[PDB]
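Here you get one chain, nothing else, as structure tokens; it is the form deposited in one PDB entry.
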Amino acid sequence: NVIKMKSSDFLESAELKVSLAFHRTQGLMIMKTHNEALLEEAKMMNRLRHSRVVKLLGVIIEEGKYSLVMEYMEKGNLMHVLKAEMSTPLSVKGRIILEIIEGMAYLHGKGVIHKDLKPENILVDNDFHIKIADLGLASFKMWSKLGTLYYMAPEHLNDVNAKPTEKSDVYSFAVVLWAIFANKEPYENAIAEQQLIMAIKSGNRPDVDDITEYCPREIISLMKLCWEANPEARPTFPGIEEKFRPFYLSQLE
């Protein structure tokens, strides 16, 4: 069940519009700050309970304040971790890839298409374990009513009519795979938003040759399959896991 929280249960906040908040009992939490259906959508999102998914612990529904309260991941997002001293060994990277696949397969099993999967939505703890988050509320309908295109499937670029599918998340994952090995955002040479959109829609993808740090040939083949222009040519997350998991256990531990 979802917990109705009061802003009096918090001692102070600091904007990391997300914010770190200190609860007087449950400790550290993240706070992101139609009255009736808002709490039912909170109950629905509170059902997303998995080890690789940031849990919605509670909601603040007060006169003037409407906030979503989530579990805190002490290291921040994936990109910030990757750029902070690029020591991150290959076996840890492979483990992060496997955890992302597991979280995405869980979400799709609950009928949830993310739509905004990117390193900014992959949060990290002190042991380098990850959880998928939806900080921009891409998967919300009521709560959302009250460099980002790098991870967007070409079918949605310049086409808002296109219904997002489970294959839209597979494409985002493919670009996340490239970013994990490159330790940076793709398309550094792109000059304009319009040219980048048209280049991607015409077949352009992140530079596979721009990975100075070693990346196994099998992972490069996987990202090339996941970022295929035809959504139907992309594999599903359990299909990715069925090939990645045995590679991870026999080559990366």
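Just so we're on the same page, rigid core means the largest C-alpha set that superposes within 1.5 Å between forms. Shifts are known only where both forms have a C-alpha. Start at 1 and count along the sequence shown; that's the residue number.
Among other deposited entries of this protein with both flanking residues present, none omit coordinates for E242; it is modelled throughout, well short of a third.
Missing-residue comparison: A233 falls in the unmodelled set for none of the other PDB entries checked, so it is not missing from a third of them. Counting the deposited residues that fall between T33 and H34 and carry no coordinates gives a value of 4 to 9.
Going from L16 to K17, the model skips 4 to 9 deposited residues, which lack coordinates. Two stretches are in play, 236-244 and 7-15, and the higher mean C-alpha B-factor belongs to 7-15. Stretch comparison (193-201 versus 46-54) by mean CA B-factor in the PDB entry places 193-201 on top. Across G76, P164, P119, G109, the entry's maximum B-factor at the CA atom is seen for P164. Between the residues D125, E102, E85, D134, the entry's highest C-alpha temperature factor is the one at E85. Per the PDB record, residue ranking by Cα B-factor puts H114 in the lowest third of the chain. Looking at the C-alpha B-factors along this chain, the one for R95 belongs to the lowest third. In this PDB entry, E155 carries a Cα temperature factor that places it within the middle third of its chain's modelled residues. Looking at the C-alpha B-factors along this chain, the one for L225 belongs to the lowest third. Placement of the Cα temperature factor of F181 within the chain: lowest third of the modelled residues, per the deposited record.
FYI, the form deposited in another entry isn't displayed, but the following is about it.
Shift analysis on the rigid core between the shown form and the other one singles out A190 from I220, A190, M198, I211 (C-alpha displacement of 2 Å or more).
Taking a Cα shift of 2 Å or more after superposition on the rigid core as the cut-off, the stretches of three or more consecutive residues that move between the shown form and the other one are 1-3, 8-12, 17-28, 189-192.
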